[PDB]
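Chains as they are written, first to last, in PDB author numbering: chain B, 4 to 361; chain A, 4 to 361.
Ideal Cβ positions, reconstructed from N, Cα and C, are used throughout, including at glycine.
One structure is given below, encoded as structure tokens.
Protein chains: 2
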Amino acid sequence: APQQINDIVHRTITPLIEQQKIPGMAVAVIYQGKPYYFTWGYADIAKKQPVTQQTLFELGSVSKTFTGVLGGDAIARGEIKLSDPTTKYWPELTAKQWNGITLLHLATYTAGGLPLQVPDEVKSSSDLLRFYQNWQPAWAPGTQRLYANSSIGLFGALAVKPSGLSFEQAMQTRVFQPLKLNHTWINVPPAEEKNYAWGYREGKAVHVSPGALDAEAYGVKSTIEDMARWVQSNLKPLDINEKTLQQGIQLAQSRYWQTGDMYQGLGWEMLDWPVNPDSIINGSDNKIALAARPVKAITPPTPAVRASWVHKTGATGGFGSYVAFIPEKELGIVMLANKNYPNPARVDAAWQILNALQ
Amino acid sequence: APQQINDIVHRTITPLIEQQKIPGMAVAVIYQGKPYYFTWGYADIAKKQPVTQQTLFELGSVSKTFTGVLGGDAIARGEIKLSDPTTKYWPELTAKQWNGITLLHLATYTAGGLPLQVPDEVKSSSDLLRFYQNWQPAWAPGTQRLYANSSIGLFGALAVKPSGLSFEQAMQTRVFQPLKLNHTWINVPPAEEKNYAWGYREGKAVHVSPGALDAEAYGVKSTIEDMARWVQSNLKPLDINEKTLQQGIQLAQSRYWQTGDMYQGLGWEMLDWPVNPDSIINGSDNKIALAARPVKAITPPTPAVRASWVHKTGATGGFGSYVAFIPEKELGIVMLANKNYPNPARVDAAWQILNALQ
Ligand SMILES: *[B]([O])([O])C1=[C]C2=C([C]=[C][C]=[C]2)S1
Ligand SMILES: *[B]([O])([O])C1=[C]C2=C([C]=[C][C]=[C]2)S1
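Printed below as a string of structure tokens:
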């Protein structure tokens, strides 16, 4: 790749891998619409297996971007409406507090305080219904944003209801295949187990644990090659053949709510570019990222803005991921590590690199 | 054209012209994407000039659809947001009532009672400011719909402001040229006057008179061939090369408000397909079409629904037009006459014709 790209990346990431003590890392820089890959360390320290272009990484919450786009596609297909009441897709969700909660609230974390996590005890479908039936809101819908798996996860599950397909099958056929993401999985199959990296937390090797709505909120595993494609597709959706997916990617980057200098899309979060580095860096700290924040409705939603810094952090017990891109500059980056390290460290590194290239 | 199309068309239009005493008429049916033309009578009864595929007709309010799409292209360009307050584009608009009135309210007739017509006495730019400064809302914005030229017209004037172009130039440059609408004009040039049909009001030959915001609200003149191209462009916008125009068209067919079983877009009006003929035919009568009706906001707006009956009526002193199409079926029709006759009569004819073709 151009000396330029090589230079910043080495100077930025290599030291970061050292300071954070990251076992393995794959980085893809999309420059002028083209990807360049960088690789470091092991995918498995025990077997001294290295990180390659085919190593599978748990994306954590970056999965939410897939869920948001699957949702956008279902809307363009005419199968769902964001203005539709929740109970319209789950008739048993009868409790009165669910009355004015629509799919939009579920998708953007503005339903009124649904919890970040679905309790570990909730397992059966029964457990899930009872949990939602008993939930008491902390705020009226549409007033506060509270980042949560239990909100977007339910959105994913109801969004695929009309299609009659399971969440995984709707995702593979409607999103993975058309984009040719031939190595992205919710449930990695036998054949891919050997490329599936171990996550590392406290020197021990881990893989994400099953849980309710895990697939809908954080269950995707992928490679830097597919992820790079994922970023190219999101950078230039008009280049996408399938009509509903092209429109879905756009709906996913529309601005529905604003809080501070951030805008909430479906899965994706956006900021006007140029961006204030302190802002995105500090804002990514979990003290802030996980707190409730009042939101201002954007009426009507602003369609996908080219001059945006679009991004999403993800993490699981032993994995730390990050994606960011600026459509207007055909610039984007993907960072996958088999170690969960500080969000501010990822965002800073990404900002150094991208700011350097335009 | 196929005898099927030819037969339905003549069976339906012939008695209509007879019944209504329409001097001349042009009709185009878009079947499976291809257009088919039909013409009858005179463009100029005095000089016995026949109506042809080159005859120019005044579109009347059908012009609001062009204005809506021009607005949408400007949103797609990032030059304006429908969520912005009117005063962000007209600072001199100091009156307090203008506080929470957005571009969306203006584009959809929900500002709070803006009048149907701008008074004839309003001629100067200053005259327009005064008129708007002294206007007193009847209702809160976003609560009632009142069809108005003073509302959508102001929207068109403000939407082109950032661009630095005049309304006619932005329209030619951003909508007409790209779609190859080469015989569509706001001001018909001397070279084209010979094709400009006369309108007929109680036996007298008339052309539309100038008025404040006429260009923006009812100023376009076109031919049956360009209108067919206009219909095809709106039926399949994803076939448009221009990125922002293709987006603009989709934004104009999105659903922002609902009233009865009608949905309001930017210029365009829609109903779910299949549709009750009487649901349209009746709702069309100028008495029912311009009255005060409360609206329900669609939050967030539903993207262009393929299964809809999309249409718009238009009339000037001597002209009556109608446009209707069903994307899902790639079917549409355009009817241009140099006589302003009953709206229900147009809708009835259009329905007979399209219903007969699937
Ligand atoms: B994402 O990586 O921000 C996630 C946050 C949590 C997940 C699962 C369980 C609890 C928090 S995925
Ligand atoms: B459209 O054809 O419905 C129109 C309605 C009016 C126009 C001009 C002046 C007053 C009403 S165009």
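Beta-carbon proximity of residue 331 of chain B to residue 310 of chain B, cut-off 8 angstroms:
Taking 8 angstroms as the Cβ cut-off, residue 331 of chain B and residue 310 of chain B qualify as a contacting pair.
Using a 10 Å radius around the Cβ and a threshold of 16 neighbouring Cβ atoms, would you call residue 17 of chain A buried or exposed?
Exposed.
What three-state label does DSSP hand residue 142 of chain A in the structure shown?
Residue 142 of chain A falls in the coil class under three-state DSSP.
Pull out every residue of the region 70-92 of chain B whose Cβ sits closer than 7 angstroms to any Cβ of chain A, in chain order.
Residues 78, 79, 81, 84, 85 and 86.
From the DSSP output, in three-state form, read off residue 314 of chain B for me.
If DSSP states are grouped into helix, strand and coil, residue 314 of chain B belongs with the strands.
Assuming residue 272 of chain A is part of the beta strand (DSSP E), what are its boundary residues?
From DSSP, the beta strand (DSSP E) with residue 272 of chain A extends over 272-275.
Closer than 8 angstroms by C-beta to residue 104 of chain B: which residues in its own chain qualify, once you throw out the five before and the five after it? Chain order, please.
Closer than 8 angstroms at Cβ, skipping near neighbours: 88, 89, 114, 115 and 144.
Tell me whether residue 234 of chain A sits in a helix, a strand or coil according to DSSP, three-state version.
Helix, per DSSP.
Skipping 5 residues on each side, what residues in its chain have a beta carbon closer than 8 angstroms to that of residue 347 of chain A?
For residue 347 of chain A, where only same-chain residues beyond five positions count, the Cβ hits under 8 angstroms are 284, 285, 287 and 288.
Is any heavy atom in ligand 1 found nearer than 7 angstroms to the beta carbon of residue 318 of chain B?
Remark: the shortest separation between the CB of residue 318 of chain B and any heavy atom of ligand 1 falls under 7 angstroms.
Comparing the C-beta of residue 259 of chain A with each C-beta of chain B, is any distance below 8 angstroms?
True, the Cβ-Cβ gap to chain B drops below 8 angstroms.
Which parts of the region 19-103 of chain B are runs of the beta strand (DSSP E), unbroken and 3 residues or longer, counting only runs that do not cross its ends?
Considered as a whole, the region 19-103 of chain B harbours 27-34 and 37-47 as its complete beta strand (DSSP E) runs of no fewer than 3 residues, in chain order.
For the candidate residues A:108, A:120, A:165 and A:275, whose alpha-carbon lies nearest to that of residue 269 of chain A?
It is A:108 whose Cα lies nearest to the Cα of residue 269 of chain A.
If you drop the 5 nearest sequence neighbours on each side, which residues of the same chain put their C-beta closer than 6 angstroms to that of residue 32 of chain B?
The beta carbon of residue 32 of chain B is closer than 6 angstroms to those of 8, 39 and 336 in its chain, skipping five residues each way along the sequence.
Residues of chain A with CB under 8 angstroms from residue 254 of chain B, in chain order?
Ordered by position in chain A, the residues that pass the 8 angstroms Cβ test against residue 254 of chain B are 306.
Which residues of chain B have a Cβ atom closer than 9 angstroms to the Cβ of residue 310 of chain A, listed in chain order?
Against chain B, the beta carbon of residue 310 of chain A has neighbours under 9 angstroms at 81, listed in chain order.
Burial state of residue 186 of chain A (16 or more Cβ within 10 Å)
Buried, because 16 or more other Cβ atoms sit within 10 Å of the Cβ of residue 186 of chain A.
Which first and last residues belong to the beta strand (DSSP E) in which residue 199 of chain B is found?
Unbroken run through residue 199 of chain B: none, as it is neither H nor E.
Beta-carbon contacts of residue 117 of chain B that lie in its chain and below 6 angstroms, excluding the five residues immediately before and after
Cβ neighbours of residue 117 of chain B beyond the five flanking positions: 151, 153 and 154.
Using only the alpha-carbon positions, how far apart do residue 49 of chain B and residue 194 of chain B sit?
Cα atoms of residue 49 of chain B and residue 194 of chain B: separation of roughly 21 angstroms, rounded to the nearest angstrom.
Give the single residue among B:317, B:344 and B:221 whose Cα lies nearest to the Cα of residue 213 of chain B.
Among B:317, B:344 and B:221, the Cα nearest to that of residue 213 of chain B is on B:221.
Using a Cβ-Cβ distance under 8 angstroms, would residue 371 of chain B count as near chain A?
Chain B is shown from 4 up to 361; residue 371 of chain B falls before or after that span and cannot be answered.
CA-CA distance, residue 230 of chain A and residue 207 of chain A?
C-alpha separation (whole angstroms): 26 angstroms.
For the beta strand (DSSP E) holding residue 323 of chain A, just list the boundary residues, first then last.
Boundaries of the beta strand (DSSP E) around residue 323 of chain A: 323-329.
Give me the residue from B:253, B:23 and B:227 with the minimum Cα distance to residue 205 of chain B.
Comparing Cα positions, the closest option is B:23.
What's the gap between the Cα of residue 166 of chain B and the Cα of residue 30 of chain A?
Their backbone Cα atoms lie some 40 angstroms apart in a straight line.
Span separating the alpha-carbon of residue 142 of chain A from that of residue 80 of chain A
Computed Cα separation, rounded: 32 angstroms.
Neighbouring residues, chain B, relative to residue 107 of chain A (Cβ below 9 angstroms):
At a C-beta separation below 9 angstroms, residue 107 of chain A has these neighbours in chain B: 302 and 303.
Among the residues of its own chain, which have a CB less than 8 angstroms from the CB of residue 11 of chain B, if the five just before and after it don't count?
Within the same chain, residue 11 of chain B has close Cβ partners 355, 356, 359 and 360.
Beta-carbon neighbours of residue 241 of chain B, restricted to chain A and to distances below 7 angstroms:
One finds 246 in chain A with Cβ atoms closer than 7 angstroms to the Cβ of residue 241 of chain B, taken in chain order.
Just the chain B side, please: which residues come within less than 7 angstroms of residue 250 of chain A by C-beta, in chain order?
For residue 250 of chain A, the chain B residues whose Cβ falls inside 7 angstroms of its Cβ are 306, in order along the chain.
Give a single yes or no on whether residue 152 of chain B has its beta carbon closer than 7 angstroms to a heavy atom of ligand 1.
In this structure, residue 152 of chain B has its beta carbon less than 7 angstroms from a heavy atom of ligand 1.
Can you grab the Cα-Cα spacing for the pair residue 262 of chain B / residue 279 of chain B, in whole Å?
Straight through space, the alpha carbons of residue 279 of chain B and residue 262 of chain B are spaced by roughly 15 angstroms.
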